[PDB]
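# Structural description and commentary
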Amino acid sequence: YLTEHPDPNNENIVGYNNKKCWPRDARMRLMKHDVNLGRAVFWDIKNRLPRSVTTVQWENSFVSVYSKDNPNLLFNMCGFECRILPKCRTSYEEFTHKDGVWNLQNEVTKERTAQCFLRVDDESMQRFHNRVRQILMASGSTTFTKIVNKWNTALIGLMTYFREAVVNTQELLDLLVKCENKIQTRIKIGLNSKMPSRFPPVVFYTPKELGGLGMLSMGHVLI
Amino acid sequence: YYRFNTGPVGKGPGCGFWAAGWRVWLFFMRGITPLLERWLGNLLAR
Amino acid sequence: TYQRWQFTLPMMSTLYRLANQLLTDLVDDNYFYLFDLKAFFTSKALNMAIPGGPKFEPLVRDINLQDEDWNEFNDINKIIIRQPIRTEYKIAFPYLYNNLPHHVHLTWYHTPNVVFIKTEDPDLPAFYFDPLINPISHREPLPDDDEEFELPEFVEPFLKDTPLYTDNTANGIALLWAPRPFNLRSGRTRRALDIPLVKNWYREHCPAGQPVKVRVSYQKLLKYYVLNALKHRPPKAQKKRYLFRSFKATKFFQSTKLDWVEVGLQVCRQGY
Amino acid sequence: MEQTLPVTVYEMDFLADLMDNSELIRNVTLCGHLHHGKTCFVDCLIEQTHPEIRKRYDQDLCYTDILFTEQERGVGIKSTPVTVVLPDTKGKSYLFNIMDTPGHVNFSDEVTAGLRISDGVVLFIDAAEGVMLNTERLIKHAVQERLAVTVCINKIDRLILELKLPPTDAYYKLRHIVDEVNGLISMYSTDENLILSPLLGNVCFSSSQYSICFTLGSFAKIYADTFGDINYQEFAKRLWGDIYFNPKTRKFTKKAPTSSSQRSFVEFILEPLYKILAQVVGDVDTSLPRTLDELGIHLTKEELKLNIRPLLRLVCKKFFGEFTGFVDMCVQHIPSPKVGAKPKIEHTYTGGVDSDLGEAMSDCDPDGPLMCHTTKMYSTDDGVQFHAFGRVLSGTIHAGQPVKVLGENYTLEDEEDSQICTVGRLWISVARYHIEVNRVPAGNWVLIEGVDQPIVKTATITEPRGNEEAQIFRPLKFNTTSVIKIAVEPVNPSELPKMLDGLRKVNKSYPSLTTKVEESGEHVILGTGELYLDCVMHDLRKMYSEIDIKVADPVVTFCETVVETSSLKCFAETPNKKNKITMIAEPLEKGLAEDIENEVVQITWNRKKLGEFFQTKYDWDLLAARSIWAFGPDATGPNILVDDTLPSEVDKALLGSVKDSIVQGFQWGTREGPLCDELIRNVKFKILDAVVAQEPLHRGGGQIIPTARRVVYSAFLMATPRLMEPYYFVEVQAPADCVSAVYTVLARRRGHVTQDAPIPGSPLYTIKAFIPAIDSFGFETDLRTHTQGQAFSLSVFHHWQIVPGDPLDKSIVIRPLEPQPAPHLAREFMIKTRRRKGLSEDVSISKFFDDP
Amino acid sequence: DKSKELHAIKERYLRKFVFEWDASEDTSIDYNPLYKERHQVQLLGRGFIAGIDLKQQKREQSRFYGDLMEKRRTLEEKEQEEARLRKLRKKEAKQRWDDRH
Amino acid sequence: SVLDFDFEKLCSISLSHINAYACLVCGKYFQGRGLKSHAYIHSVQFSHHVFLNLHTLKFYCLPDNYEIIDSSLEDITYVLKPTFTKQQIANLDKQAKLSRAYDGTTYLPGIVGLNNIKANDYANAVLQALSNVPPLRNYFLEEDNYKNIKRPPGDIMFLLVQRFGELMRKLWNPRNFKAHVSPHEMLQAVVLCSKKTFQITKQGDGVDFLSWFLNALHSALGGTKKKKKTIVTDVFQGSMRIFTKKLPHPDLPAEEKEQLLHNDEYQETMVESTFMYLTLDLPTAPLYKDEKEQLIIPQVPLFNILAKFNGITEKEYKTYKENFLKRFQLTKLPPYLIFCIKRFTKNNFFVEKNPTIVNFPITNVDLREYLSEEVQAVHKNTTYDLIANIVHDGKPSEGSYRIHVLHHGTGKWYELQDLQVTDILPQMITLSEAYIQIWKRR
RNA sequence: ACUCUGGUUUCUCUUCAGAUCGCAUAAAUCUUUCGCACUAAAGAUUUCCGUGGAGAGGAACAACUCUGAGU
Ligand SMILES: O=P(O)(O)O[C@H]1[C@@H](OP(=O)(O)O)[C@@H](OP(=O)(O)O)[C@@H](OP(=O)(O)O)[C@@H](OP(=O)(O)O)[C@H]1OP(=O)(O)O
């Protein structure tokens, strides 16, 4: 790679895509050898593909290296931000059961060997936020029942798809509680322009058959 | 105050030292004089 | 016109004595180490606050330290920690402890310690070995005494008749190290507005035992002082037109001499 | 040449004429402690010789210290050369080359650059503070460089306007200062010929703030001018040294009459000065005209309206006049380039005076072979090109002349480090302006242009097609050691080359700076302190490379050592599987490494004297005292290589064939070291056995050098290894109350206070301490902030002390970001440095062995 | 304070007309003992901070220099200082007697 | 395989240009040759026992420190310092046989890709356009042609010249270790000389960079003075006659408009000057597509844009509160003509790239009709062949630069984009949006 | 060591003034920046508070201390 694309200034690190969602010690660490290897792998893959048939952009791709310098192996797949950390590599601690963590074990020996920390990709979080915004704006004169139904469908899809990753992702939980407070606000403002201090939650979460909106909850609500 | 009220003198309404505030309000007046003059000139034109 | 003044040293000594309550009796700028205007500018430009100093909004956009992607340069496995690198260290040496020193002013380094010994007893001689001074522990190709060196009768010490010290010598030596308004003997008259009587009070460090509100008052006074000293631009050339001289030149105005209370009442009535 | 120049008392043609005569030239270095008045003294001289240049009433104008960083800091950073024509006491004008050196200890290297191209040293000592740390260090360095020494006791006005001492007490303070300087000189110099005393004219009393400069001769001449009948030389002889004056007999006697009369110095010199100062500062409006008339000084009405400080400066300028006392002091005692050439050649030239070219340079003749020697590199305002500054020792340098420039590695056997360059221009270097000249004769300082390319630190300018036996001058031996290590990288790697260029430039601007690249591609800068590195990085960011640069936190360079002998005799064979070398390593005796470093022993000595020294001072065996091969990595390196191979088992002739290769391997191994790639210090290496292949082609070269390094590493590792922290010596000038507080600061940084003696005649104390360099970062700031700025400290490298921990302790657990406790600090200092260098995670004791 | 320090290490390497300022705007909340309790200036025992009562400053001063004088002053100097203090205290007592409630 | 000589010649350890030795086993540059130099330590440490002096072009074995004399190593030196004899320079353009690199990568000298350091494709295209120009390339292929000219002491512009020549010798090397050349040194010189303009990270306009580079080459090749005739001027500069006709303000009565015709100020002037390149202004996009079956992409013949310089065409020029009619008439045709077609124009809100397609022939263009009759007699030859064609693709912001170069000796046309060298058909060149063009007068 | 200018005080006008024009410190407007702008920073312009330098004019009382020059 360096024979064909020489880098005398070690400039290969300036444009290296990395997953900013994870903390600094959890991301890929841009070691010189690791960065060069990632660039070389991407360059080889790109060379295998003729440019007219298809193009593999570096800015839209992501290469993660796991070696003696990088303990975390990161990848985004199907909206899931997965980070594998081997047990024998930078763990040194007893582990409990957390919802967002997958305990990977070798099949032949049934011994735990790595932990796959799950998260929701920021792209999926932005899609959910945009869906909530569309529901809020496209409300207009629609009945509160249909607005709550749309919010419930969005929430059910998000949770049934990102089951453990929702629990693991704190930013996502904050986003859901903010969107829920928005949906309720919309209903409340519809009920009256003045802000209803200490509005009763019973109207929102009561099932439709019993006269309520039948709204699902993901935040901490104290009745 | 917290320099005036040391030693025998305690908290009380007897501290008179008005150089600083008088300075500050004169400096504010310097800045706002042209604005009020322009407003009065506009309001008293013709 | 009351624009220039010159005083004899006894008058300035008496004035310095009468104003001793408003002066900290500092004889150096070493008291203002990492706490002067340049240090405050360096702190502001680095988006950092000196403990005794004020706090400002960032001069440039700051990127969170969690955004950097663990380069070999900032690898914490290589960094040896002995003491926490404080904000004072970075302000003292902005180009060594900062990765992006921009609009930073180098603070003045150490000045020699003024060892001026302040005289308390006027009866004592002006040139006297004060007990504050550490006593010196006493202990040469000299010419032979038998030689024929003679001094002519016209020769004597240059100022043998002149006394070594006078009653107002210690006062002058004290005036040498007085604060700036008293270091001079001739100067130019200033406006009463232009004289900040308490500017040096908050320019110094806050006293150790003080409540939280007065400390914040000190910090905010320092903040506004720094803002004035930094946003300051030199005045622009004018043509020197005076409003009141023009007013007097017209027929509509006339001059007189009036009591301040009378003109205050008259101004209040005219405003109403 | 012909160009625009500022108005001066003399004429440029006279200045050029003085340069030809080498008997009227004085090469002077004004050194001293921080803020002791050297720059203000040079400014006073410039004001004297330049009518148009006047010092501001409020701001002390500094003609030298022209850098922006120098102006902002207020601390001299780089040496400024100034060439002037100064009148003597008799009126004879002398050419003076003055190298105003910085007073800060961190920039002591700068002073060294000013000591190589100077014949005399003028040490400025504050009359209030007295002798400080940098004054002692500079005295040691100057008398060790074979230079004449004189003293200027500056700021005598502090004795009058600050301490308000009685005149007799001021005399006592001055006498104590002179005695302390004499004691220091005698301690650092075996010869007692250079006794310093104001009677001999070696000492001048000055106040550069008020322009009060006088020696005994000059002030006696003032008396001669006011009273013609007195001869000034004998009077100056009688003025100092507890000699009392009897006005009944008008005679000077060692016996004090009346038991209350003051000394000659107090009666005739000090008391009139006190009266003048007190009249100006105390009785100006009421009694200044009478004393001014008595002294013959007439001041205008506008001049008498000045403030007290400008009025003092004016009155003392009118009274004392020109600084003729300084000129006397530097003319009678500082050799001219003609007189002082022989010691300079004997000390600095590598070939020695005995060589033909050394004899040629001993004459300092303008019409000889060119042997200019430049030690400074001054950057232009734009920062692109550099001018090489140095003195011309022989011949004459001409503008537009081909020149052979020799680098620090140039030798007769290997001449590759030499380049033929064309000199562009020549300037006589005054501080703020430069006088372009066509030629510069021998014995003068010059800013050669166009020769900066082949030189980094030191140059040897000579003429091409001649001087085929010319050698280089010895590279600058530095007062201290550069320790503080900082990693430097660019913010944007795309502009990496610019920073690289900048590195080169700073490597030229700072004589002791060391910039390299480690195995991990990390750019490394070595400095002497935090202020020094601050100035270096300001230059690197603003003057040379205008790019944004990231700087790592500061770390120190550790050393490596052993504390007890190797457990087993280590050995290594060549990759040829021949030439087996078996060695052991043991620590040296106490002070032996100090003896080697301080040139007390040299490998250049013959076998007889070296063996005798090692047999008498350290009680070595005769065989052990004669088998020593080399001293450490460099010349006079702290390590020692010996061979204990008895001739029965190993042929000495055969071993001598590989002696050069083994010595090279030893030096390289001691330079690198196996713990964390750091200098091996205070280790004795004994060659127990040596098999050598008989055929030349199977030995030598790349076979025995790496084998020697491997066996050295194994011997060092099997012997119990340890790390040496660098320990700085700190002197704190603090008030009496703050002394206790000082201890508190040194409590938090592993600081050991050695002494807390007061300053005689001053209300302050000098707290001396030994603080680890790694813990010294921010110590100056901590001390000044904790004591409200009343305490000031200067730290300089002192020694190497073993780190408490054990580096080869795999049981120690070290959290990534935590200040480790003392019992395993070495374990933290070894691995982390190993990560900074780019080596493996840890080193094994059998890594370099042959069994595994 | 130690937790404040270790935290510091880690952190570095890792409407309404409000007449009075808020206490959160305060600075000088240090953990280092060298910076919390800062050794005040004792200007040779003869200089005083401006504004504060002189008698309070004299009472609360460190009294180090008083010990230094009582240790270094000769007998005659002690008598001189005692006489000066006697006269000054006499004047102060006269002023206090004049200024009574 | 590891010998890359396209970068700065400084020691990797000491940053010193002095006595830079390249290690032939790992390709790293060290300092010195003696006993205690970095190169010697590296030789005894990494066991690399072969070194080449980067300035003396002599090989050494350092552990024993003796010179190496073998002709088989000569090629390495030729890679480090390519030298072109006069007969080789003359025969350069008449070269048909392919050249093999050290690796099995056949290439045509001069047709060599330039590495794309971040976004510098515009600079690579401009440098390739200036290369493949026989006279300028021949001038820069010999170091002696420009080494001996004087320079000011504090002058940095000359770094543009020598490195550029160096670049040429790297591009036209008949025997090279690789089929590509890194322009890093040349681009660093460009950035340093332009005062942070035309950076390597951020790509700039091809026309602006070409103008600045030609002007800087012309200025730097004038030694300590403005040499009126440099190689840049001799090759690319021509003389053109500007007929500036001032105009009255349009908001005036016709009587005053004709009265101003007697002012002797609003008439044709003689502002004849020298043009380094011709700036051709495309007609505005047709906005609405034509009703015909043709594509929405506009098409304009080369002679139509080359009509402002016919002599009678009057293009309006209007500065602030003033009007002009700048008539243009060529008076001296340079041997190599440069067309700078104006694509990117700043409208009221953004920058629009003109999609007009220039219909130009690539083998015969006669400019005899654009020269004055007294001028037509001077030039015997006016038949121009297109030899270089810089084309900009994509949006004005995220644009890319490629070049079509005519390889002499053969007749093939090659499209170069960074490291991509394709064999383009001669017919397809006119289809792309031509940005800059270089024509040879024959 | 004897002669002859330059005087000081005050009022007003004009002009320059990047000088800390000011050992003090305000207001407005626009742009920019992240918040979401009294409680916020950056950049720029302008207006007020009032100076210094030079020149001119007016009127008040001093005329050779000083700066010197002519001796
Ligand atoms: O506003 P602060 O500076 O904190 O001062 C207020 C109060 O002011 P207000 O009347 O505006 O609330 C008084 O100050 P003045 O009215 O006298 O200016 C009073 O002062 P005295 O006790 O000196 O009369 C006292 O200030 P302090 O207690 O600091 O002396 C009190 O403070 P608190 O609000 O903290 O009680």
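For each chain, positions are counted from 1 along the sequence as written; this may not be the entry's numbering. Residues without coordinates are not shown. Whichever chain is written first is A, and whichever ligand is written first is 1; the rest continue in order. Every figure reported here is calculated on the shown chains, themselves a piece of a larger assembly. With hydrogens and water excluded, all non-hydrogen atoms of the structure serve as input to the side-chain values.

Method of determination, as given in the entry header: cryo-EM; reported resolution: 3.5 Å.

### Notes on the overall build of chain F
Put simply, the test is: Helical segments are the DSSP runs of H or I of at least four residues, strand segments are the runs of E of at least two, and each set is numbered from the N terminus. Using a 1.4 Å probe on the protein chains alone, a residue whose accessible area is under 20% of its type maximum counts as buried, one over 50% counts as exposed, and one in between counts as partly exposed. The criterion used for residue contact is that any of the two residues' heavy atoms lie within 4.5 Å. To measure how exposed things are, a 1.4 Å probe is used in the Shrake-Rupley method; for residues, cover is taken only from the protein chains shown. For this count, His and the chain ends are skipped, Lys and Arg are scored as positive, and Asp and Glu as negative. Charge positions come from single atoms, namely NZ of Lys, CZ of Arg, CG of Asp or CD of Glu.
A tally of helices and strands in chain F yields 13 helices and 25 strands. In terms of overall dimensions, chain F has a C-alpha envelope of 95 × 55 × 50 Å along the principal axes. When the 442 residues of chain F are sorted by exposure, 52% land in the buried category. By sequence separation, contacts in chain F at least 24 residues apart represent 66% of the contacts at least 6 residues apart. Just so you have it, chain F exposes about 21300 Å², and 53% of that area is on carbon and sulfur atoms. On chain F, the mean spot of the 53 positive side-chain charges and the mean spot of the 47 negative ones are 6 Å from each other.

### Notes on the packing of aromatic side chains
Applied cut-off: A pair of aromatic rings is counted whenever rings of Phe, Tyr or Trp (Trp by its six-membered ring) have centres within 6.5 Å, and the orientation is called stacked for planes under 30 degrees apart, edge-to-face for over 60 and tilted otherwise.
What the rule picks out here adds up to 90 aromatic pairs over all chains. Between A:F199 and A:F204, the aromatic rings sit 5.3 Å apart at their centres with planes inclined by 40°, giving tilted as the arrangement. Residue classification places A:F199 among the partly exposed residues on the basis of a relative accessible area of 21%. Judged by its relative accessible area of 1%, A:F204 is buried. Measuring from ring centre to ring centre gives 6.1 Å for B:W25 and B:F28, while their planes differ by 90°; the resulting arrangement is edge-to-face. On the criterion of helical spacing, the pair formed by B:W25 and B:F28 is a turn pair, its members being 3 residues apart in helix α1 (residues 19-43).

### Let's talk about the UniProt feature "domain: USP" in chain F
The test is simple: UniProt positions are given in the numbering used here, feature names are shortened, and annotations may be inferred rather than shown by experiment.
Following the UniProt record, one finds the feature "domain: USP" at residues 112-442 of chain F. As a span, residues 112-442 of chain F carries 24% helix and 27% strand, and end to end its C-alpha atoms are 24 Å apart.

### Here's the deal with helix α2 (residues 122-137) of chain A
All names here are of chain A. As a reminder, the rule being used: Expected helix span is taken as 1.5 Å per residue step, with the number of steps being one fewer than the number of residues. Taken from the helix axis, the directions to the C-beta atoms give the arc we talk about.
Across its 16 residues, α2 extends 22 Å between first and last C-alpha, which sits within 8% of the 22 Å expected from 1.5 Å per residue. Taken together, the buried positions of α2 are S124, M125, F128, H129, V132, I135 and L136. Buried residues along α2 cover an arc of 140° about the axis, so they all sit on one side.

### A look at helix α25 (residues 738-748) of chain D
Here α25(D) has its buried residues at D:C738, D:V739, D:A741, D:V742, D:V745 and D:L746. Buried residues of α25(D), seen end-on, are gathered within an arc of 155° and therefore sit on one face of the element. Facing away from the buried surface of α25(D) by more than 90 degrees, the exposed residues are D:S740 and D:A747. Structurally, α25(D) contributes buried residues whose contacts are with β31 (721-735), β32 (752-758), β33 (764-772) and α26 (779-786) of chain D together with α2 (33-36) of chain E. Within two residues after α25(D), D:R750 carries a phi angle of roughly 55°, on the positive side.

### Section: the nonpolar core
Residue and element names in this part refer to chain D. Quick note on the threshold: Here, nonpolar core refers to any group of buried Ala, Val, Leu, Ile, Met, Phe, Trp, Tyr and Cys residues whose side-chain atoms link them within 4.5 Å.
Counting 328 residues, the largest nonpolar core has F96, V122, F205, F235, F326, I397 and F685 as the members making the most contacts within it. Counting residues per element, this core draws most heavily on helix α10 (residues 264-282), which supplies 12 residues. In this structure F205 touches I153, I156, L174, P198, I212, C213, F214, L216, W240 and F265, once residues within four positions along its chain are discounted.

### Concerning the site of the ligand
Quick reminder of the rule: Each residue is tested against the molecule or strand, and it is near if at least one of its non-hydrogen atoms lies within 4 Å. By the criterion applied in these results, polar contacts are pairs of N or O atoms within 3.5 Å in which, for protein atoms, one can donate a hydrogen and the other can accept it, and in which residues neighboring in sequence qualify only through two side-chain atoms. Here the term charged refers only to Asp, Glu, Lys and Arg, the term nonpolar to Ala, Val, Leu, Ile, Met, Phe, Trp, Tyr, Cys and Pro, and the term polar to all other amino acids, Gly among them.
Taken together, B:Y1, B:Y2, B:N5, B:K11, B:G12, B:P13 and C:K213 make up all the residues around the ligand. Nearby residues around the ligand are contributed by chains B and C. At 2.8 Å, a side-chain N or O of B:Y2 approaches an oxygen atom of the ligand. The separation between an oxygen atom of the ligand and a polar main-chain atom of B:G12 is 3.0 Å. Protein contact buries 38% of the 630 Å² of open area that the ligand shows by itself. When the residues that make up the shell around the ligand are grouped by side-chain class, the tally is 3 nonpolar, 2 polar and 2 charged.

### A look at the sheet that holds strand β29 (residues 640-643) of chain D
All names here are of chain D. Counted only if it meets this: Any two strands with at least two DSSP bridges between them are considered paired. Think of each axis as a best-fit line through the C-alpha atoms, taken over the contacting stretch in the case of a helix, with angles from 0 to 180 degrees between the N-to-C directions.
Strand order in the open sheet formed by 5 strands is β26-β27-β30-β29-β28, with mixed pairing between adjacent strands. A single partner strand is all that each edge strand has here, and the edge strands are β26 (570-572) and β28 (628-631). Here the strands of the sheet are splayed against their neighbours by 25° on average, with no regard to which way each runs. In this sheet, strand β30 (residues 683-690) lies alongside strand β27 (residues 581-587) in antiparallel orientation, the contact comprising 7 bridges.

### Comments concerning the interface of chain D and chain C
Condition: Using a 1.4 Å probe, buried area is obtained as the accessible area two parts lose upon being combined, added over both of them. A pair is scored as a salt bridge if a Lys or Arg side-chain nitrogen falls within 4 Å of a carboxyl oxygen belonging to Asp or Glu.
Contacts between the two partners involve 134 residues from chain D, matched on the other side by 90 residues from chain C. Here chain D and chain C share an interface that buries about 10700 Å² over both sides, 59% of which is from carbon and sulfur atoms. Interface area lost by chain D to chain C is led by D:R73, D:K164 and D:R250, which between them contribute 8%. A salt bridge links D:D179 to C:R139; the nearest nitrogen and oxygen atoms lie 2.4 Å apart. Scanning the region where chain D abuts chain C turns up 48 residue pairs in polar contact. Here the element with the most residues in the side of chain D that touches chain C is α10(D); it accounts for 11 residues. Its residues assigned to classes, the side of chain D that touches chain C comprises 60 nonpolar, 27 polar and 47 charged.

### Details of the side chain of D:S512
Residue and element names in this part refer to chain D. Along the chain, the position of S512 falls in the loop between α17 (496-509) and β21 (514-517). Here the side chain of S512 touches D109 through a polar contact of 2.3 Å, side chain to side chain. Polar side-chain contacts of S512 include one of 3.2 Å to the side chain of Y532. With residues up to four places along the chain from it excluded, the contact list for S512 reads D109, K457, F478, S482, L526, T528 and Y532.

### Focus: the sheet that holds strand β14 (residues 418-422) of chain D
All names here are of chain D. Overall, antiparallel pairing links the 8 strands, which are arranged β14-β13-β19-β10-β11-β18-β15-β16 in an open sheet. Every other strand in the sheet has two partners, leaving β14 and β16 (434-437) as the edge strands with one partner each. Geometrically, the sheet is characterised by an average inter-axis angle of 35° between neighbouring strands, direction not taken into account. Two strands pair when backbone bridges link them, and strand β11 (residues 386-392) and strand β18 (residues 445-449) are joined in this way by 5 bridges, in the antiparallel orientation. Of the residues in β18, the one forming a bridge with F389 is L447.

### Notes on a nonpolar patch on the surface
Residues and elements named next belong to chain B. We apply this condition: Patches in this entry comprise residues that are over 30% relatively accessible and not in a salt bridge; like charges within 9 Å are linked, as are nonpolar side chains (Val, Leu, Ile, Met, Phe, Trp, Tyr) within 5 Å.
A cluster of nonpolar side chains, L35, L36, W39, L40, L43 and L44, forms an exposed patch at the surface whose accessible area comes to about 640 Å². Within the fold, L44 resides in the segment after α1. Residue classification places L44 among the exposed residues on the basis of a relative accessible area of 62%.

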